[PDB]
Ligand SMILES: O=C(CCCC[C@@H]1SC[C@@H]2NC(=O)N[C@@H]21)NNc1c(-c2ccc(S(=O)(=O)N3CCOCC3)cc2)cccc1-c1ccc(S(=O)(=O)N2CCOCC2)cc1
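Just the one chain here, laid out as structure tokens, in the form deposited without the named molecule.
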């Protein structure tokens, strides 16, 4: 089950850490933090996933957002990740992300970074 396979802890290639609960009606809730795992680097995340009949080994589409504000930092920024969960002994969440910074109208052209990250169940290094 998708809900089952998604819920838990995921690590990117730099061991940033994604702790998520997949709810029965499509909610993703959790925390995004960085490898050393201090509250200083922990942020709320919220998103959604689209569970659908398991055919052709298709991944499960999902997305989430982190606003980069906690009790220690206010980066005036938010990232969204869009991707898919694929289950199995080598389960992965493959994503592309957008990071937008709060900017002036004149600097808004330069407000949005794009990148990618791949999450697995095993902490690297």
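Residue numbers count along the first chain shown, from 1.
Keep in mind the form deposited with the named molecule bound is missing from the figure; the text below concerns it.
Engineer: State yes or no: in the entry with it bound, is some non-hydrogen atom of residue 34 no more than 4.5 angstroms from a non-hydrogen atom of the named molecule?
Structural biologist: Residue 34: contacts the named molecule in the entry with it bound.
Engineer: Answer for residue 79 alone: is it within 4.5 Å of the named molecule in the entry with it bound, judged on heavy atom distances?
Structural biologist: Yes, contact at 4.5 Å.
Engineer: So, residue 41 and the named molecule: in the entry with it bound, are they within 4.5 Å at any heavy atom pair?
Structural biologist: Flag for residue 41 set to yes.
Engineer: Using a 4.5 Å heavy atom cut-off, state whether residue 9 contacts the named molecule in the entry with it bound.
Structural biologist: Output for residue 9 is no: heavy atoms all beyond 4.5 Å of the named molecule.
Engineer: So which residues in 59-98, when you check the named molecule in the entry with it bound, have a heavy atom no farther than 4.5 Å from it?
Structural biologist: The stretch touches the partner through 68, 73, 74, 75, 77, 79, 81, 97.
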